[PDB]
file model-v6.txt (compact mmCIF, C-alpha atoms and all ligand atoms)
# COMPACT_ATOMS: atom_id res chain seq x y z
CA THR A 2 145.36 154.05 96.75
CA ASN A 3 141.65 154.41 97.26
CA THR A 4 140.61 156.84 94.57
CA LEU A 5 139.49 156.03 91.03
CA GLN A 6 140.41 158.68 88.32
CA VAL A 7 137.54 159.53 85.93
CA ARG A 8 137.35 161.62 82.71
CA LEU A 9 134.18 163.26 81.40
CA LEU A 10 134.44 163.25 77.63
CA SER A 11 131.50 165.55 76.79
CA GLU A 12 128.70 167.75 78.08
CA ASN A 13 126.48 164.65 77.70
CA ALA A 14 128.58 162.63 80.18
CA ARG A 15 127.43 162.06 83.75
CA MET A 16 129.62 161.28 86.75
CA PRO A 17 129.03 157.66 87.94
CA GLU A 18 126.73 157.34 91.00
CA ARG A 19 126.72 155.31 94.22
CA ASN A 20 124.00 155.16 96.85
CA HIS A 21 125.86 153.70 99.86
CA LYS A 22 129.53 153.24 100.52
CA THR A 23 129.00 149.47 100.88
CA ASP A 24 127.29 148.96 97.49
CA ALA A 25 129.09 146.74 94.98
CA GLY A 26 129.02 149.04 91.95
CA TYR A 27 128.68 152.52 90.44
CA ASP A 28 125.67 153.21 88.22
CA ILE A 29 126.64 154.25 84.67
CA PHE A 30 124.66 156.49 82.29
CA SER A 31 123.92 156.50 78.53
CA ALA A 32 125.30 159.56 76.75
CA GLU A 33 123.15 158.98 73.65
CA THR A 34 119.71 158.19 72.25
CA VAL A 35 119.38 154.90 70.42
CA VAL A 36 116.39 153.01 68.97
CA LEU A 37 116.64 149.17 69.01
CA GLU A 38 114.14 147.15 67.03
CA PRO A 39 113.82 143.43 67.94
CA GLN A 40 117.12 141.51 67.52
CA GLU A 41 119.16 144.70 66.96
CA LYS A 42 122.64 145.04 68.54
CA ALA A 43 124.75 148.08 69.47
CA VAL A 44 127.55 149.41 71.64
CA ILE A 45 126.18 152.44 73.46
CA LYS A 46 128.63 155.16 74.40
CA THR A 47 128.91 156.67 77.89
CA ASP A 48 131.43 159.45 77.19
CA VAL A 49 133.24 158.38 80.35
CA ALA A 50 136.79 157.04 80.68
CA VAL A 51 138.34 155.54 83.80
CA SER A 52 141.79 154.39 84.86
CA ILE A 53 141.46 150.88 86.41
CA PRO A 54 144.63 150.33 88.42
CA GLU A 55 147.13 147.46 87.89
CA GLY A 56 145.98 144.26 89.63
CA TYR A 57 142.24 144.71 88.91
CA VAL A 58 139.64 144.39 86.12
CA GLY A 59 136.51 146.57 85.72
CA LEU A 60 133.20 144.78 85.11
CA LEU A 61 130.64 146.71 83.04
CA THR A 62 127.53 144.68 83.73
CA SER A 63 123.70 144.63 83.94
CA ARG A 64 121.23 145.92 86.59
CA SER A 65 118.44 143.77 88.10
CA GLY A 66 115.50 146.06 87.37
CA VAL A 67 116.43 146.62 83.71
CA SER A 68 117.33 143.01 82.93
CA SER A 69 114.26 141.41 84.57
CA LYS A 70 111.62 143.84 83.25
CA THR A 71 112.90 144.32 79.65
CA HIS A 72 114.34 142.26 76.76
CA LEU A 73 117.55 144.37 76.73
CA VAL A 74 120.51 142.03 77.22
CA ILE A 75 123.93 143.36 78.27
CA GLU A 76 127.05 141.29 77.73
CA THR A 77 129.50 142.04 80.57
CA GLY A 78 132.47 144.16 79.43
CA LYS A 79 135.90 143.33 80.83
CA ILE A 80 137.76 146.65 81.20
CA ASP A 81 141.59 146.25 81.24
CA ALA A 82 143.87 148.26 83.50
CA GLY A 83 145.22 150.93 81.14
CA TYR A 84 142.18 151.18 78.87
CA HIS A 85 141.58 154.93 78.77
CA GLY A 86 138.99 155.23 75.99
CA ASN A 87 135.24 155.92 76.00
CA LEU A 88 133.34 153.20 77.98
CA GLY A 89 130.85 151.30 75.81
CA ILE A 90 127.87 149.16 76.83
CA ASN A 91 127.39 146.00 74.74
CA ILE A 92 123.67 145.43 74.24
CA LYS A 93 121.05 143.44 72.32
CA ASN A 94 117.25 143.73 72.10
CA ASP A 95 116.57 140.01 72.39
CA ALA A 96 112.83 140.34 71.83
CA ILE A 97 111.57 138.44 68.78
CA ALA A 98 109.42 140.30 66.22
CA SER A 99 105.88 139.14 65.67
CA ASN A 100 104.59 139.12 62.06
CA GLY A 101 102.36 142.13 61.52
CA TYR A 102 102.30 143.46 65.07
CA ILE A 103 103.15 147.19 64.77
CA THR A 104 102.80 150.36 66.92
CA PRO A 105 103.57 154.12 67.28
CA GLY A 106 104.74 153.39 70.83
CA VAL A 107 108.21 152.41 72.05
CA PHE A 108 109.19 150.61 75.27
CA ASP A 109 111.52 152.49 77.59
CA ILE A 110 114.18 151.16 79.97
CA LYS A 111 111.51 150.78 82.74
CA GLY A 112 109.25 148.67 80.53
CA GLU A 113 106.81 151.56 80.12
CA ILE A 114 105.30 152.69 76.81
CA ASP A 115 105.41 156.16 75.26
CA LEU A 116 104.27 157.56 71.90
CA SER A 117 107.14 157.87 69.37
CA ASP A 118 107.64 159.53 65.94
CA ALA A 119 107.19 156.44 63.70
CA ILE A 120 105.41 153.12 63.11
CA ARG A 121 107.68 150.30 64.30
CA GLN A 122 107.59 146.59 65.10
CA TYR A 123 105.99 145.91 68.48
CA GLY A 124 108.77 145.24 71.01
CA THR A 125 111.09 148.04 69.91
CA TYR A 126 112.96 149.92 72.68
CA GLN A 127 114.30 153.41 72.94
CA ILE A 128 117.30 154.19 75.07
CA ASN A 129 117.43 157.83 76.10
CA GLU A 130 120.41 160.04 76.95
CA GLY A 131 120.68 159.99 80.74
CA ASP A 132 119.32 156.43 81.16
CA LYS A 133 120.78 154.48 84.05
CA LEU A 134 121.56 151.38 81.96
CA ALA A 135 124.56 149.54 83.45
CA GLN A 136 126.88 149.50 86.48
CA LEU A 137 130.65 149.32 87.10
CA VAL A 138 131.97 146.64 89.53
CA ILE A 139 135.74 146.43 90.21
CA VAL A 140 137.49 143.24 91.43
CA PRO A 141 141.14 142.05 92.09
CA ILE A 142 142.78 139.61 89.66
CA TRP A 143 145.54 137.03 89.57
CA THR A 144 147.92 137.45 86.62
CA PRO A 145 150.55 134.69 86.81
CA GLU A 146 153.21 133.50 84.39
CA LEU A 147 152.37 130.41 82.38
CA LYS A 148 154.41 127.19 82.70
CA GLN A 149 153.73 124.30 80.32
CA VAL A 150 153.91 120.93 82.09
CA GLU A 151 153.37 117.29 81.09
CA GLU A 152 151.57 116.38 84.29
CA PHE A 153 150.06 118.57 86.99
CA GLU A 154 151.06 118.42 90.59
CA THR B 2 60.15 183.86 60.71
CA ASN B 3 63.78 182.94 60.17
CA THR B 4 64.36 180.82 63.27
CA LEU B 5 65.07 177.09 63.52
CA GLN B 6 63.80 175.19 66.57
CA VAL B 7 66.28 172.82 68.25
CA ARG B 8 65.86 170.14 70.99
CA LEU B 9 68.74 168.98 73.17
CA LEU B 10 67.93 165.37 73.97
CA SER B 11 70.58 164.73 76.67
CA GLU B 12 73.48 166.07 78.67
CA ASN B 13 75.88 164.89 75.96
CA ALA B 14 74.20 167.05 73.33
CA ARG B 15 75.88 170.12 71.98
CA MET B 16 74.08 173.05 70.42
CA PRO B 17 75.07 173.30 66.70
CA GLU B 18 77.67 176.02 65.91
CA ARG B 19 78.24 178.67 63.21
CA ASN B 20 81.19 181.06 62.63
CA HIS B 21 79.83 183.56 60.25
CA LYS B 22 76.31 184.60 59.34
CA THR B 23 77.08 183.95 55.66
CA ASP B 24 78.34 180.34 56.15
CA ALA B 25 76.38 177.62 54.37
CA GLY B 26 76.00 175.29 57.37
CA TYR B 27 75.85 174.48 61.09
CA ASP B 28 78.54 172.20 62.51
CA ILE B 29 77.13 169.07 64.18
CA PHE B 30 78.64 167.08 67.10
CA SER B 31 78.85 163.40 68.04
CA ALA B 32 77.17 162.53 71.33
CA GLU B 33 79.01 159.20 71.72
CA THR B 34 82.31 157.35 71.53
CA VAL B 35 82.59 154.79 68.71
CA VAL B 36 85.36 152.48 67.49
CA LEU B 37 85.25 151.53 63.79
CA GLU B 38 87.67 148.94 62.46
CA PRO B 39 88.26 148.92 58.68
CA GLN B 40 85.07 148.58 56.55
CA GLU B 41 82.91 148.96 59.65
CA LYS B 42 79.65 151.02 59.47
CA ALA B 43 77.51 152.91 62.00
CA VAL B 44 74.83 155.58 62.41
CA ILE B 45 76.23 157.92 65.10
CA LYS B 46 73.87 159.66 67.51
CA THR B 47 74.02 163.43 68.08
CA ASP B 48 71.21 163.71 70.72
CA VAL B 49 69.89 166.70 68.81
CA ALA B 50 66.52 167.19 67.03
CA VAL B 51 65.36 169.96 64.71
CA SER B 52 62.14 171.06 63.07
CA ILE B 53 62.75 171.68 59.37
CA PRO B 54 59.91 173.87 58.05
CA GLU B 55 57.63 172.85 55.14
CA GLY B 56 59.17 173.49 51.70
CA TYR B 57 62.69 172.61 52.78
CA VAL B 58 65.01 169.67 53.21
CA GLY B 59 67.94 169.38 55.65
CA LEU B 60 71.25 167.98 54.37
CA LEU B 61 73.41 166.25 56.95
CA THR B 62 76.77 166.09 55.33
CA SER B 63 80.56 166.06 55.59
CA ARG B 64 83.29 168.60 56.34
CA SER B 65 86.39 169.06 54.15
CA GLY B 66 89.04 168.56 56.85
CA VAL B 67 87.50 165.31 58.07
CA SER B 68 86.78 163.71 54.69
CA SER B 69 90.09 164.63 53.04
CA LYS B 70 92.43 163.69 55.93
CA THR B 71 90.71 160.47 57.12
CA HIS B 72 89.04 157.38 55.61
CA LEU B 73 85.73 158.20 57.37
CA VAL B 74 83.02 158.45 54.71
CA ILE B 75 79.72 160.16 55.43
CA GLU B 76 76.63 159.49 53.31
CA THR B 77 74.51 162.68 53.08
CA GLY B 78 71.22 162.15 54.88
CA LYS B 79 68.11 163.93 53.65
CA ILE B 80 66.09 165.21 56.66
CA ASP B 81 62.34 165.56 55.92
CA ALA B 82 60.23 168.42 57.22
CA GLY B 83 58.55 166.95 60.26
CA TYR B 84 61.19 164.38 61.18
CA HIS B 85 61.57 165.13 64.89
CA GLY B 86 63.70 162.26 66.19
CA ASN B 87 67.38 162.05 67.09
CA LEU B 88 69.66 163.14 64.19
CA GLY B 89 72.10 160.42 63.09
CA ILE B 90 75.30 160.59 61.04
CA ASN B 91 75.64 157.77 58.53
CA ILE B 92 79.28 156.69 58.49
CA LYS B 93 81.71 154.09 57.16
CA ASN B 94 85.40 153.63 57.80
CA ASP B 95 86.48 152.91 54.21
CA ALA B 96 90.08 151.96 55.01
CA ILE B 97 90.94 148.42 53.89
CA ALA B 98 92.49 145.96 56.39
CA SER B 99 96.15 145.15 55.46
CA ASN B 100 96.82 141.38 55.78
CA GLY B 101 97.85 140.86 59.35
CA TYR B 102 98.99 144.27 60.65
CA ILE B 103 97.51 144.62 64.08
CA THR B 104 98.11 147.47 66.53
CA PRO B 105 97.10 149.08 69.86
CA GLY B 106 96.95 152.41 68.02
CA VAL B 107 93.75 154.12 66.83
CA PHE B 108 93.39 157.09 64.49
CA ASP B 109 91.29 160.09 65.34
CA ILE B 110 89.14 162.51 63.38
CA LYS B 111 92.21 164.68 62.64
CA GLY B 112 94.17 161.85 61.07
CA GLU B 113 96.44 161.44 64.13
CA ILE B 114 97.29 158.26 66.07
CA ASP B 115 97.26 157.64 69.88
CA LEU B 116 97.46 154.49 72.08
CA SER B 117 94.41 152.38 72.91
CA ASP B 118 93.31 149.73 75.41
CA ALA B 119 93.16 146.88 72.91
CA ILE B 120 94.77 145.21 69.92
CA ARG B 121 92.97 145.81 66.61
CA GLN B 122 93.55 145.94 62.85
CA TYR B 123 95.85 148.76 61.70
CA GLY B 124 93.56 151.43 60.24
CA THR B 125 90.94 151.57 63.03
CA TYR B 126 89.38 154.92 63.89
CA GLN B 127 87.96 156.00 67.19
CA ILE B 128 85.32 158.74 67.22
CA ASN B 129 84.94 160.62 70.50
CA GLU B 130 81.97 162.24 72.22
CA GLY B 131 82.21 165.91 71.20
CA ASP B 132 83.92 165.35 67.83
CA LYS B 133 82.93 167.91 65.24
CA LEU B 134 81.88 165.32 62.66
CA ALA B 135 79.32 166.81 60.26
CA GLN B 136 77.32 169.81 59.07
CA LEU B 137 73.70 170.66 58.40
CA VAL B 138 72.77 172.59 55.26
CA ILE B 139 69.14 173.52 54.59
CA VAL B 140 67.89 174.13 51.03
CA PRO B 141 64.40 174.91 49.58
CA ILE B 142 62.55 172.25 47.53
CA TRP B 143 59.94 171.85 44.82
CA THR B 144 57.25 169.29 45.67
CA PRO B 145 54.77 169.03 42.73
CA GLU B 146 51.96 166.65 41.87
CA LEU B 147 52.88 163.96 39.37
CA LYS B 148 51.23 163.69 35.97
CA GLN B 149 51.68 160.75 33.64
CA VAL B 150 51.99 161.68 29.93
CA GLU B 151 52.39 159.70 26.68
CA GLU B 152 54.68 162.38 25.27
CA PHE B 153 56.30 165.40 26.97
CA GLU B 154 54.81 168.78 26.24
CA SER B 155 55.54 172.47 26.70
CA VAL B 156 54.77 174.19 30.01
MG MG C 1 117.70 135.07 71.84
MG MG C 2 85.76 151.26 49.46

call {"tool": "encode", "arguments": {"input": "model-v6.txt", "output": "structure tokens"}}
result
Amino acid sequence: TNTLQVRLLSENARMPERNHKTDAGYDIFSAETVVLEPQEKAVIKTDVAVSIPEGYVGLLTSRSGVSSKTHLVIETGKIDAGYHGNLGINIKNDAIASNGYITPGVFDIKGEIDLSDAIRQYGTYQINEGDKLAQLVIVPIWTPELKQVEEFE
Amino acid sequence: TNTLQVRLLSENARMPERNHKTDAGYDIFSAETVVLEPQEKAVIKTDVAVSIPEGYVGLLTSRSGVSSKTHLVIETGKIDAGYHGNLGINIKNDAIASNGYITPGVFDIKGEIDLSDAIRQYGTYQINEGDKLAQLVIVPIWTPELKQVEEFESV
């Protein structure tokens, strides 16, 4: 009744982490390395599956630090009870490219710069395997039957 | 007497270096840090002075690794016997600036790129204090009197 079943799908998967018992969510890790130039979109794999129980929905959503200090935008995933596949994080680099502004650096998930292997548009990001990118929050839901009516009351 | 006198003019000066007794030249080192955007020129100080003996000229000239893997072009200076001031390396960055393209990256003397403090044109080099930039080759010379003639004639 108070345990969530988890599957690790590969040697690159990491068990979800929680600091205190009272915290709202579990931190979720990237299982892959992905380069996002400005305005690029992707669904980044975690190699983790969970079993959300009947009567709830899982929310796969952003973190404060990452969203306020970078241009990486995560669209909140609604995880159905019974979805048992690989969790994916829905992301966009919403930076806008500037003309001829180029660099051998890439931004990381902390907003810091490191030297990379290529010349790219300034504002490109690199997500690394192991990056603490998103978090999982789980909340109760109402799932009623629908009744069509002509007037409410 | 087969010795060349050398003066070190500062704490940034490096004594010239040679590998092999048979090598043509002595490698020469930059005493300063210089940024050159495309088409930019400078004379770069070494803080070294030498006394070339009478009957010779010193040739301050490029190295194959530097000139073939970068756009840094060195014009061979001719050092007179009796020039005793600071030796300078006469250099141009002969990369061409490409439209916009700006960057925080700068290239070094090995052709590699690192990250810099400012935004500049793509193609900018940065030379560092201690870079092994040039060599010195010393050759003998003929310095005759001139005679004007109406027609040339056999010696
Ligand atoms: Mg936008
Ligand atoms: Mg030219």

call {"tool": "residues_near_ligand", "arguments": {"input": "model-v6.txt", "ligand": "ligand MG 2 (chain C)", "cutoff": "12 Å", "atoms": "all atoms listed in the file", "output": "PyMOL selection string"}}
result
chain B and resi 39-42+72-74+93-98

call {"tool": "closest_residue", "arguments": {"input": "model-v6.txt", "among": "A:121, A:46, A:64, A:8", "to": "chain B", "atoms": "all atoms listed in the file"}}
result
A:121

call {"tool": "residues_near_ligand", "arguments": {"input": "model-v6.txt", "ligand": "ligand MG 1 (chain C)", "cutoff": "9 Å", "atoms": "all atoms listed in the file", "output": "PyMOL selection string"}}
result
chain A and resi 40+94-97

call {"tool": "write_last_selection", "arguments": {"input": "model-v6.txt", "atoms": "C-alpha atoms", "output": "PDB file, in the coordinates of the input"}}
result
ATOM      1  CA  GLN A  40     117.120 141.510  67.520  1.00  0.00           C
ATOM      2  CA  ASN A  94     117.250 143.730  72.100  1.00  0.00           C
ATOM      3  CA  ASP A  95     116.570 140.010  72.390  1.00  0.00           C
ATOM      4  CA  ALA A  96     112.830 140.340  71.830  1.00  0.00           C
ATOM      5  CA  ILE A  97     111.570 138.440  68.780  1.00  0.00           C
TER       6      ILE A  97
END

call {"tool": "residues_around", "arguments": {"input": "model-v6.txt", "residues": "residue 57 (chain B)", "least_positions_apart": "2", "cutoff": "7 Å", "atoms": "all atoms listed in the file", "output": "PDB file with C-alpha atoms, in the frame of the given file"}}
result
ATOM      1  CA  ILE B  53      62.750 171.680  59.370  1.00  0.00           C
ATOM      2  CA  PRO B  54      59.910 173.870  58.050  1.00  0.00           C
ATOM      3  CA  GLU B  55      57.630 172.850  55.140  1.00  0.00           C
ATOM      4  CA  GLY B  59      67.940 169.380  55.650  1.00  0.00           C
ATOM      5  CA  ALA B  82      60.230 168.420  57.220  1.00  0.00           C
ATOM      6  CA  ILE B 139      69.140 173.520  54.590  1.00  0.00           C
ATOM      7  CA  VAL B 140      67.890 174.130  51.030  1.00  0.00           C
ATOM      8  CA  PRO B 141      64.400 174.910  49.580  1.00  0.00           C
ATOM      9  CA  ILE B 142      62.550 172.250  47.530  1.00  0.00           C
TER      10      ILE B 142
END

call {"tool": "closest_residue", "arguments": {"input": "model-v6.txt", "among": "B:77, B:88, B:38, B:31", "to": "residue 8 (chain B)", "atoms": "all atoms listed in the file"}}
result
B:88

call {"tool": "residues_around", "arguments": {"input": "model-v6.txt", "residues": "region 48-53 of chain A", "least_positions_apart": "6", "cutoff": "6 Å", "atoms": "only C-alpha atoms", "output": "list in words"}}
result
residues 6, 7, 8, 9, 10, 14, 82, 85, 86, 87 and 88 of chain A

call {"tool": "write_last_selection", "arguments": {"input": "model-v6.txt", "atoms": "C-alpha atoms", "output": "compact mmCIF listing (two decimals), in the frame of the given file"}}
result
# COMPACT_ATOMS: atom_id res chain seq x y z
CA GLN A 6 140.41 158.68 88.32
CA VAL A 7 137.54 159.53 85.93
CA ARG A 8 137.35 161.62 82.71
CA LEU A 9 134.18 163.26 81.40
CA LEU A 10 134.44 163.25 77.63
CA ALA A 14 128.58 162.63 80.18
CA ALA A 82 143.87 148.26 83.50
CA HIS A 85 141.58 154.93 78.77
CA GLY A 86 138.99 155.23 75.99
CA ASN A 87 135.24 155.92 76.00
CA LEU A 88 133.34 153.20 77.98

call {"tool": "closest_atom_pairs", "arguments": {"input": "model-v6.txt", "of": "chain B", "to": "chain A", "cutoff": "12 Å", "atoms": "all atoms listed in the file", "output": "Markdown table"}}
result
| residue | atom | partner | partner_atom | distance |
| --- | --- | --- | --- | --- |
| B:98 | CA | A:101 | CA | 11.8 |
| B:99 | CA | A:101 | CA | 9.2 |
| B:100 | CA | A:101 | CA | 8.0 |
| B:101 | CA | A:101 | CA | 5.2 |
| B:102 | CA | A:101 | CA | 4.1 |
| B:103 | CA | A:102 | CA | 5.0 |
| B:104 | CA | A:103 | CA | 5.3 |
| B:105 | CA | A:104 | CA | 6.5 |
| B:106 | CA | A:104 | CA | 6.3 |
| B:107 | CA | A:104 | CA | 9.8 |
| B:108 | CA | A:105 | CA | 11.0 |
| B:113 | CA | A:105 | CA | 10.7 |
| B:114 | CA | A:105 | CA | 7.6 |
| B:115 | CA | A:116 | CA | 7.3 |
| B:116 | CA | A:106 | CA | 7.5 |
| B:117 | CA | A:104 | CA | 10.5 |
| B:119 | CA | A:104 | CA | 11.9 |
| B:120 | CA | A:102 | CA | 9.1 |
| B:121 | CA | A:102 | CA | 9.7 |
| B:122 | CA | A:102 | CA | 9.4 |
| B:123 | CA | A:103 | CA | 8.1 |
| B:124 | CA | A:103 | CA | 11.4 |

call {"tool": "closest_atom_pairs", "arguments": {"input": "model-v6.txt", "of": "region 67-133 of chain B", "to": "region 16-26 of chain B", "cutoff": "12 Å", "atoms": "all atoms listed in the file", "output": "JSON lines"}}
result
{"residue": "B:88", "atom": "CA", "partner": "B:17", "partner_atom": "CA", "distance": 11.8}
{"residue": "B:131", "atom": "CA", "partner": "B:16", "partner_atom": "CA", "distance": 10.8}
{"residue": "B:132", "atom": "CA", "partner": "B:17", "partner_atom": "CA", "distance": 11.9}
{"residue": "B:133", "atom": "CA", "partner": "B:17", "partner_atom": "CA", "distance": 9.6}

call {"tool": "residues_around", "arguments": {"input": "model-v6.txt", "residues": "residue 66 (chain B)", "least_positions_apart": "3", "cutoff": "10 Å", "atoms": "all atoms listed in the file", "output": "list in words"}}
result
residues 63, 69, 70, 71, 110, 111, 112 and 134 of chain B

call {"tool": "closest_residue", "arguments": {"input": "model-v6.txt", "among": "A:125, A:136, A:23, A:149", "to": "residue 67 (chain A)", "atoms": "all atoms listed in the file"}}
result
A:136

call {"tool": "atom_distance", "arguments": {"input": "model-v6.txt", "atom1": "CA of residue 118 (chain B)", "atom2": "CA of residue 108 (chain A)"}}
result
15.9 Å

call {"tool": "residues_around", "arguments": {"input": "model-v6.txt", "residues": "residue 44 (chain A)", "least_positions_apart": "2", "cutoff": "6 Å", "atoms": "all atoms listed in the file", "output": "list in words"}}
result
residues 89, 90 and 91 of chain A

call {"tool": "residues_around", "arguments": {"input": "model-v6.txt", "residues": "residue 89 (chain B)", "least_positions_apart": "2", "cutoff": "7 Å", "atoms": "only C-alpha atoms", "output": "PyMOL selection string"}}
result
chain B and resi 44-47+87+91

call {"tool": "write_last_selection", "arguments": {"input": "model-v6.txt", "atoms": "C-alpha atoms", "output": "short mmCIF file (atom, residue, chain, number, x, y, z; two decimals), in the coordinates of the input"}}
result
data_model
loop_
_atom_site.label_atom_id
_atom_site.label_comp_id
_atom_site.auth_asym_id
_atom_site.auth_seq_id
_atom_site.Cartn_x
_atom_site.Cartn_y
_atom_site.Cartn_z
CA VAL B 44 74.83 155.58 62.41
CA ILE B 45 76.23 157.92 65.10
CA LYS B 46 73.87 159.66 67.51
CA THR B 47 74.02 163.43 68.08
CA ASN B 87 67.38 162.05 67.09
CA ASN B 91 75.64 157.77 58.53
#

call {"tool": "residues_near_point", "arguments": {"input": "model-v6.txt", "point": "(122.1, 155.0, 78.6)", "cutoff": "10 Å", "atoms": "only C-alpha atoms", "output": "PyMOL selection string"}}
result
chain A and resi 29-35+45-47+89-90+110+127-135

call {"tool": "closest_residue", "arguments": {"input": "model-v6.txt", "among": "B:136, B:33, B:76, B:84", "to": "residue 11 (chain B)", "atoms": "only C-alpha atoms"}}
result
B:33

call {"tool": "atom_distance", "arguments": {"input": "model-v6.txt", "atom1": "CA of residue 30 (chain B)", "atom2": "CA of residue 15 (chain B)"}}
result
6.4 Å

call {"tool": "atom_distance", "arguments": {"input": "model-v6.txt", "atom1": "CA of residue 34 (chain B)", "atom2": "CA of residue 85 (chain B)"}}
result
23.1 Å

call {"tool": "residues_near_point", "arguments": {"input": "model-v6.txt", "point": "(66.0, 166.9, 69.1)", "cutoff": "7 Å", "atoms": "only C-alpha atoms", "output": "PyMOL selection string"}}
result
chain B and resi 7-10+48-51+85-87

call {"tool": "decode", "arguments": {"input": "model-v6.txt", "residues": "region 9-34 of chain A", "atoms": "C-alpha atoms", "output": "PDB file, in the first residue's frame"}}
result
ATOM      1  CA  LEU A   9      15.921  -0.742 -13.839  1.00  0.00           C
ATOM      2  CA  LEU A  10      16.098  -1.309 -17.578  1.00  0.00           C
ATOM      3  CA  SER A  11      19.883  -1.084 -18.069  1.00  0.00           C
ATOM      4  CA  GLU A  12      23.291  -0.644 -16.469  1.00  0.00           C
ATOM      5  CA  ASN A  13      22.881   3.070 -17.287  1.00  0.00           C
ATOM      6  CA  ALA A  14      19.741   3.384 -15.128  1.00  0.00           C
ATOM      7  CA  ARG A  15      19.851   4.954 -11.684  1.00  0.00           C
ATOM      8  CA  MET A  16      17.410   4.354  -8.824  1.00  0.00           C
ATOM      9  CA  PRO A  17      15.303   7.514  -8.170  1.00  0.00           C
ATOM     10  CA  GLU A  18      16.476   9.619  -5.190  1.00  0.00           C
ATOM     11  CA  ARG A  19      14.798  11.448  -2.297  1.00  0.00           C
ATOM     12  CA  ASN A  20      16.444  13.681   0.289  1.00  0.00           C
ATOM     13  CA  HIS A  21      13.801  13.797   3.056  1.00  0.00           C
ATOM     14  CA  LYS A  22      10.723  11.710   3.634  1.00  0.00           C
ATOM     15  CA  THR A  23       8.558  14.854   3.448  1.00  0.00           C
ATOM     16  CA  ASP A  24       9.808  16.026   0.023  1.00  0.00           C
ATOM     17  CA  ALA A  25       7.241  16.160  -2.787  1.00  0.00           C
ATOM     18  CA  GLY A  26       9.136  14.210  -5.454  1.00  0.00           C
ATOM     19  CA  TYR A  27      11.871  11.751  -6.441  1.00  0.00           C
ATOM     20  CA  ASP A  28      14.765  13.059  -8.536  1.00  0.00           C
ATOM     21  CA  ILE A  29      15.098  11.268 -11.902  1.00  0.00           C
ATOM     22  CA  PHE A  30      18.297  10.729 -13.927  1.00  0.00           C
ATOM     23  CA  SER A  31      19.212  10.826 -17.647  1.00  0.00           C
ATOM     24  CA  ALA A  32      20.429   7.475 -18.961  1.00  0.00           C
ATOM     25  CA  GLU A  33      21.929   9.030 -22.107  1.00  0.00           C
ATOM     26  CA  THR A  34      24.071  11.786 -23.607  1.00  0.00           C
TER      27      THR A  34
END
